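Q: need a 3D model of the sequence below.
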Amino acid sequence: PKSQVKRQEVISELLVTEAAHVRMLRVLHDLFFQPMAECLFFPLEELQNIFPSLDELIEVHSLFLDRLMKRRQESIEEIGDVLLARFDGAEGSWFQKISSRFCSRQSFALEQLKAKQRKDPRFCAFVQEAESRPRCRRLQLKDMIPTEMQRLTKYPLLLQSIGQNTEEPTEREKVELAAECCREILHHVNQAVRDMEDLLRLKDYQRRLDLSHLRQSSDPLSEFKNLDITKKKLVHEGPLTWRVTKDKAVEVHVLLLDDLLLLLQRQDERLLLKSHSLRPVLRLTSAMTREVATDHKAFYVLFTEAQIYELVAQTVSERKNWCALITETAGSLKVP
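A: Numbers count the residues shown, from 1 in each chain. Shown next is the structure:
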């Protein structure tokens, strides 16, 4: 007291909220996943990408719910040991593995479901009917899926304040270490999320890429034979206008990647890279941006034979934003 009331409260909050989460996850499973498996709305492989590890994700939280209850029941001093048992060592590692799998596919999972609802009325009516079942507690499926992430972001907050309210030192170390683990996990999942969100997107572009032109120029482009972008970092993308001369302008979708800049022409579902002059592909290791005094909406990118690429955004703010991003990424790149 007063350290103790808070410590007990927080430990309570953690147990209760852990149960609610298991409960939801089970609803998600029972009312959505399993029935859809049985109605075979998707081929199963795919359902597994929408709910990447639901079955075992339920278990991991379940096992924790279980430790926490056993501990409460047998009394609360000491909780560190329990915490470390879920977030640290091998069980630590698994929890991460399982929760991050499932979290990464969130965005994917959602658009998949949205597509199907807007495309197939049998399925849309299914989801409605399911969403009206009491066990939903007024959450929609779209509300359910992203709770796993939320839950992960809650753990450091909860653990941080059990620790800072632990009087006895060696116990507070445990609880502190545990909390640290949770931030390690959160930080990793967050990353494995962007890695997936980028990946799927880059694989998308990579099969839509009309590569024929580089294989055709005598332009010693020969480095992009063969160009692969699936395993690279997508820093930024956006429509722009590409004033190849002050008489001719090209409509273009730009990808700013870790180390290359790509100016893509959109032609039906295709995306072309055409040498039309000035190349469409560019090694950033040399890049540099400038304002254009006669056009607050336009800027220049230069490759330090010049090599001038006059690009224009719709809004002034966005072209401020573009230069900002290029020069910054450009800078991030090291000289041998």
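Q: can we go C-alpha only for contacts and neighbour counts from here?
A: OK.
Q: all strands of the stretch 101-250 of the chain, in order?
A: Listed in chain order, the strands of the stretch 101-250 of the chain (DSSP state E, counting those that start in this stretch) span 209-210, 234-245, 248-257.
Q: contacting residues around residue 49?
A: Residues near residue 49 by C-alpha atoms under 8 Å, 6 or more residues apart in numbering: 105, 109.
Q: nope, residue 101 is what I was after
A: For residue 101, the contact set (C-alpha under 8 Å, 6+ apart) comprises 52-53.
Q: how much space separates it from residue 232?
A: Using C-alpha to C-alpha, to the nearest Å, residue 101 is found at 20 Å from residue 232.
Q: what about residue 255, how many residues nearby?
A: Counted by other C-alpha atoms under 10 Å, the residues lying close to residue 255 total 19.
Q: isn't it up against residue 239?
A: No - here residue 255 lies out of contact with residue 239, judged by C-alpha atoms under 8 Å, at a distance of 9.2 Å.
Q: if we can go back for a sec, of all the strands of the stretch 101-250 of the chain, which one is nearest residue 110?
A: Nearest of these to residue 110, taken as C-alpha to C-alpha: strand 234-245 at 21.2 Å.
Q: which neighbours in the sheet does that closest one have, and how are they oriented?
A: The strands beside strand 234-245 in its sheet (DSSP bridges) come out as strand 248-257 (antiparallel), strand 308-312 (antiparallel).
Q: residues of the last one that come out buried?
A: Yep, that's strand 308-312 we're talking about. For strand 308-312, a neighbour-count test (16 or more other C-alpha atoms under 10 Å) marks 309-312 as buried.
Q: now tabulate those residues in TSV and tack on distance to residue 120.
A: Shown next, in TSV, are the buried residues of strand 308-312 (distance: C-alpha to C-alpha, whole Å):
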residue	distance to residue 120
309	45
310	45
311	41
312	40
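Q: out of the strands of the stretch 101-250 of the chain, which gets nearest to residue 56?
A: strand 234-245 (31.2 Å).
Q: and that closest one, how far out from the chain's middle?
A: Relative to the centre of its chain, strand 234-245 is centred 23 Å away, using C-alpha atoms, centre = their mean, to the nearest Å.
Q: try stretch 312-329
A: Put simply, stretch 312-329 sits 23 Å off its chain's centre (C-alpha atoms, centre = their mean).
Q: what's in contact with it?
A: Contacts for stretch 312-329 (C-alpha under 8 Å, 6+ apart): 236, 239-243, 256, 258-259, 287-290, 296-299.
Q: domain map for the protein?
A: The record's domain split for the chain, according to curated CATH domains, is 1-210, 211-336.
Q: straight-line length of the first one, end to end?
A: The one in question is domain 1-210. End-to-end span of domain 1-210 (C-alpha to C-alpha): 69 Å.
Q: which secondary structure elements does the helix of greatest length in the chain sit against?
A: In the chain, with assignment by DSSP state H, the single longest helix is helix 169-208. In terms of contacts (3 or more C-alpha pairs under 8 Å, 6 or more residues apart in numbering; DSSP states H and E), helix 169-208 is packed against helix 80-87, helix 89-104, helix 147-163, strand 270-272.
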